[PDB]
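Report on the structure given below.
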Amino acid sequence: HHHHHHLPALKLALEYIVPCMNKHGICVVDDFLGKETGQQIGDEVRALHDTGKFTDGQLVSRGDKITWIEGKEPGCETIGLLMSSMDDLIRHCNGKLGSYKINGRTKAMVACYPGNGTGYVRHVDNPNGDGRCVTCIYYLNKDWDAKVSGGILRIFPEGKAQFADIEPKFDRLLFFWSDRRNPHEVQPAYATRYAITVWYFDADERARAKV
Ligand SMILES: Cc1nc(C)c(O)c(C(=O)NCC(=O)O)n1
Ligand SMILES: [Cl-]
Ligand SMILES: [Fe+2]
């Protein structure tokens, strides 16, 4: 609809992402890339699935299966654009996300929960200070109905009187602190559920992790 207009990355970062993250440690952004780009990502992810590029998560350690995407691979061009779009937002968050100085990230982890009641038990992404400070997730599930299909990400922010229910909605982008501040679970999914995750590194924590 031609009455709607995209917020520039700088505007979205400073007017929303930064304050929301510093206040709540969780930030949801809907309509990130638009319908055309979102569906195209859906196509690329389904292709990865169909061509058998996923490994079951019980080997990586949960009924998930995952594939790592660098972004430049043939057939992953749009996933690549998503990743550069994520980077753009983080860049504009300057050094305003707490006291972090982000200088790098993981590749993209494409995850599939193949319905059949599969999910992910309550966990912390980075409990052992491995350098990862911000989790960034993009969902690409067309017309997801959590009332029927489930698959809600429930986040339990540490020491807060509230929790967050995040439906894995088409074209939804999500940020949260990767550390113990945000334990979270993926509730059982009863339809094919896809997500793409990148983790951003804090320079010092990442350095102290391997050094
Ligand atoms: C560490 C880890 N590994 C996998 C495979 C995940 O799927 C998640 C997660 O929190 N997923 C959240 C979501 O998809 O809404 N975390
Ligand atoms: Cl508020
Ligand atoms: Fe997680």
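Identifiers for the structure tokens are assigned positionally: chains receive A, B, ... in sequence, residues are indexed from 1 per chain, and ligands are indexed from 1 in the order shown.
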Using only C-alpha atoms and all ligand atoms, I'd like a table of the residues in chain A that come within 12 Å of ligand 3; for each, show the closest atom pair and its distance in Å rounded to one decimal, ordered by chain and ascending number, as CSV.
residue,atom,partner,partner_atom_place_in_ligand_line,distance
A:62,CA,ligand 3,1 (Fe),11.0
A:64,CA,ligand 3,1 (Fe),11.2
A:109,CA,ligand 3,1 (Fe),10.9
A:111,CA,ligand 3,1 (Fe),10.6
A:119,CA,ligand 3,1 (Fe),10.8
A:120,CA,ligand 3,1 (Fe),7.9
A:121,CA,ligand 3,1 (Fe),9.1
A:122,CA,ligand 3,1 (Fe),8.3
A:123,CA,ligand 3,1 (Fe),6.4
A:124,CA,ligand 3,1 (Fe),6.3
A:125,CA,ligand 3,1 (Fe),4.9
A:126,CA,ligand 3,1 (Fe),8.7
A:127,CA,ligand 3,1 (Fe),11.0
A:132,CA,ligand 3,1 (Fe),11.8
A:134,CA,ligand 3,1 (Fe),11.1
A:135,CA,ligand 3,1 (Fe),8.0
A:136,CA,ligand 3,1 (Fe),10.0
A:137,CA,ligand 3,1 (Fe),9.4
A:153,CA,ligand 3,1 (Fe),9.1
A:154,CA,ligand 3,1 (Fe),10.3
A:155,CA,ligand 3,1 (Fe),9.5
A:156,CA,ligand 3,1 (Fe),11.9
A:174,CA,ligand 3,1 (Fe),11.7
A:175,CA,ligand 3,1 (Fe),11.4
A:176,CA,ligand 3,1 (Fe),10.0
A:177,CA,ligand 3,1 (Fe),10.5
A:178,CA,ligand 3,1 (Fe),8.0
A:179,CA,ligand 3,1 (Fe),10.1
A:180,CA,ligand 3,1 (Fe),11.1
A:182,CA,ligand 3,1 (Fe),9.1
A:183,CA,ligand 3,1 (Fe),7.9
A:184,CA,ligand 3,1 (Fe),6.4
A:185,CA,ligand 3,1 (Fe),7.1
A:186,CA,ligand 3,1 (Fe),8.1
A:187,CA,ligand 3,1 (Fe),11.9
A:195,CA,ligand 3,1 (Fe),11.0
A:196,CA,ligand 3,1 (Fe),11.2
A:197,CA,ligand 3,1 (Fe),8.9
A:198,CA,ligand 3,1 (Fe),10.7
A:199,CA,ligand 3,1 (Fe),10.2
For the residues selected in the previous step, produce a file with C-alpha atoms as an mmCIF file, in the first residue's frame.
data_model
loop_
_atom_site.group_PDB
_atom_site.id
_atom_site.type_symbol
_atom_site.label_atom_id
_atom_site.label_comp_id
_atom_site.auth_asym_id
_atom_site.auth_seq_id
_atom_site.Cartn_x
_atom_site.Cartn_y
_atom_site.Cartn_z
ATOM 1 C CA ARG A 62 15.471 -29.955 20.364
ATOM 2 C CA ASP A 64 15.280 -28.306 14.972
ATOM 3 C CA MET A 109 21.894 -19.802 11.002
ATOM 4 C CA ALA A 111 16.661 -22.986 11.322
ATOM 5 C CA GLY A 119 10.491 -26.907 19.421
ATOM 6 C CA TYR A 120 13.441 -25.790 21.553
ATOM 7 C CA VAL A 121 13.634 -26.085 25.349
ATOM 8 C CA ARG A 122 14.318 -23.061 27.559
ATOM 9 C CA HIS A 123 17.927 -21.952 27.047
ATOM 10 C CA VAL A 124 20.326 -19.004 27.041
ATOM 11 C CA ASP A 125 22.109 -18.349 23.725
ATOM 12 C CA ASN A 126 25.388 -17.180 25.287
ATOM 13 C CA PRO A 127 25.663 -18.287 28.970
ATOM 14 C CA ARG A 132 27.868 -12.836 21.423
ATOM 15 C CA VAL A 134 22.935 -9.428 20.423
ATOM 16 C CA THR A 135 20.726 -12.106 18.862
ATOM 17 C CA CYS A 136 18.995 -11.013 15.649
ATOM 18 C CA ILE A 137 16.243 -13.229 14.194
ATOM 19 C CA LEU A 153 9.121 -17.798 20.917
ATOM 20 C CA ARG A 154 8.629 -17.057 24.606
ATOM 21 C CA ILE A 155 11.339 -14.917 26.202
ATOM 22 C CA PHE A 156 11.630 -14.674 29.988
ATOM 23 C CA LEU A 174 13.742 -9.523 16.400
ATOM 24 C CA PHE A 175 16.652 -8.372 18.586
ATOM 25 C CA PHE A 176 17.450 -9.443 22.157
ATOM 26 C CA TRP A 177 20.472 -9.628 24.484
ATOM 27 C CA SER A 178 22.141 -13.012 23.909
ATOM 28 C CA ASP A 179 23.310 -13.449 27.509
ATOM 29 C CA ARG A 180 21.578 -14.733 30.657
ATOM 30 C CA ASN A 182 17.030 -13.489 28.046
ATOM 31 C CA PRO A 183 16.332 -17.227 28.606
ATOM 32 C CA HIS A 184 13.897 -18.314 25.886
ATOM 33 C CA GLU A 185 12.054 -21.306 24.428
ATOM 34 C CA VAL A 186 10.459 -22.215 21.111
ATOM 35 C CA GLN A 187 7.055 -23.724 21.875
ATOM 36 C CA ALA A 195 13.854 -18.494 11.072
ATOM 37 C CA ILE A 196 17.230 -16.936 10.230
ATOM 38 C CA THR A 197 19.539 -15.893 13.074
ATOM 39 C CA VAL A 198 22.743 -13.877 13.284
ATOM 40 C CA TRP A 199 24.658 -13.169 16.495
#
Return as a ChimeraX atom specification the full set of residues in range 37-198 of chain A whose backbone-based DSSP assignment is helix (DSSP H, G or I).
-> /A:37-50,57-60,77-92,146-149
Dump as a PDB file, in the first residue's frame, selection limited to C-alpha atoms:
ATOM      1  CA  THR A  37      11.808  -9.692  -0.467  1.00  0.00           C
ATOM      2  CA  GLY A  38      10.291 -11.767   2.354  1.00  0.00           C
ATOM      3  CA  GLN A  39       8.717 -14.302  -0.023  1.00  0.00           C
ATOM      4  CA  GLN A  40      11.979 -14.535  -1.991  1.00  0.00           C
ATOM      5  CA  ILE A  41      13.826 -15.398   1.236  1.00  0.00           C
ATOM      6  CA  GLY A  42      11.096 -17.987   1.865  1.00  0.00           C
ATOM      7  CA  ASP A  43      11.840 -19.510  -1.554  1.00  0.00           C
ATOM      8  CA  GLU A  44      15.597 -19.653  -0.896  1.00  0.00           C
ATOM      9  CA  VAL A  45      15.110 -21.244   2.535  1.00  0.00           C
ATOM     10  CA  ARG A  46      12.646 -23.827   1.184  1.00  0.00           C
ATOM     11  CA  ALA A  47      15.200 -24.638  -1.538  1.00  0.00           C
ATOM     12  CA  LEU A  48      17.906 -25.245   1.091  1.00  0.00           C
ATOM     13  CA  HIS A  49      15.453 -27.564   2.870  1.00  0.00           C
ATOM     14  CA  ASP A  50      14.362 -29.399  -0.297  1.00  0.00           C
ATOM     15  CA  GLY A  57      20.102 -29.993  15.771  1.00  0.00           C
ATOM     16  CA  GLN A  58      20.513 -33.107  17.930  1.00  0.00           C
ATOM     17  CA  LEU A  59      23.956 -33.538  16.345  1.00  0.00           C
ATOM     18  CA  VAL A  60      24.997 -29.903  16.841  1.00  0.00           C
ATOM     19  CA  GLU A  77      21.441 -13.866  -2.646  1.00  0.00           C
ATOM     20  CA  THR A  78      18.319 -12.615  -0.844  1.00  0.00           C
ATOM     21  CA  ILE A  79      19.440 -14.144   2.464  1.00  0.00           C
ATOM     22  CA  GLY A  80      22.631 -12.160   1.794  1.00  0.00           C
ATOM     23  CA  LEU A  81      20.592  -8.954   1.416  1.00  0.00           C
ATOM     24  CA  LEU A  82      18.770  -9.698   4.685  1.00  0.00           C
ATOM     25  CA  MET A  83      22.148 -10.077   6.400  1.00  0.00           C
ATOM     26  CA  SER A  84      23.493  -6.792   5.009  1.00  0.00           C
ATOM     27  CA  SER A  85      20.227  -5.114   6.075  1.00  0.00           C
ATOM     28  CA  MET A  86      20.711  -6.454   9.611  1.00  0.00           C
ATOM     29  CA  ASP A  87      24.297  -5.142   9.592  1.00  0.00           C
ATOM     30  CA  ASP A  88      23.090  -1.683   8.499  1.00  0.00           C
ATOM     31  CA  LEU A  89      20.755  -1.391  11.514  1.00  0.00           C
ATOM     32  CA  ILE A  90      23.444  -2.540  13.961  1.00  0.00           C
ATOM     33  CA  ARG A  91      25.928  -0.085  12.423  1.00  0.00           C
ATOM     34  CA  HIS A  92      23.537   2.816  13.094  1.00  0.00           C
ATOM     35  CA  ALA A 146       0.086 -19.427  16.264  1.00  0.00           C
ATOM     36  CA  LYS A 147      -3.399 -20.304  17.547  1.00  0.00           C
ATOM     37  CA  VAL A 148      -3.229 -23.383  15.305  1.00  0.00           C
ATOM     38  CA  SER A 149       0.458 -23.795  14.436  1.00  0.00           C
TER      39      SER A 149
END
Hey, could you make a per-residue contact list for chain A against ligand 2 with 10 Å as the cut-off, showing the nearest pair of atoms and its distance in Å to one decimal, counting only C-alpha atoms and all ligand atoms, sorted by chain and number, as CSV?
residue,atom,partner,partner_atom_place_in_ligand_line,distance
A:19,CA,ligand 2,1 (Cl),8.5
A:20,CA,ligand 2,1 (Cl),7.3
A:23,CA,ligand 2,1 (Cl),7.5
A:24,CA,ligand 2,1 (Cl),8.4
**Asked** If you count only C-alpha atoms, which residues fall within 8 Å of residue 191 in chain A, apart from same-chain ones fewer than 5 positions away, as an NGL selection string?
**Response** :A and (113-116 or 149-150)
How would the residues just chosen look if you wrote them out with C-alpha atoms as a PDB file, in the first residue's frame?
ATOM      1  CA  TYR A 113      11.237 -26.736  12.972  1.00  0.00           C
ATOM      2  CA  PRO A 114       9.522 -29.346  10.733  1.00  0.00           C
ATOM      3  CA  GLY A 115       6.177 -29.202  12.544  1.00  0.00           C
ATOM      4  CA  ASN A 116       5.271 -32.476  14.278  1.00  0.00           C
ATOM      5  CA  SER A 149       0.458 -23.795  14.436  1.00  0.00           C
ATOM      6  CA  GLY A 150       2.014 -22.752  17.768  1.00  0.00           C
TER       7      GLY A 150
END
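Across the structure, atom 6 (C, counted along the ligand's line) of ligand 1 and CA of residue 66 in chain A are spaced 8.6 Å apart.
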Residue with the minimum atom-to-atom distance to ligand 1, picked from A:139, A:32, A:100, A:190 with only C-alpha atoms and all ligand atoms counted, is A:139
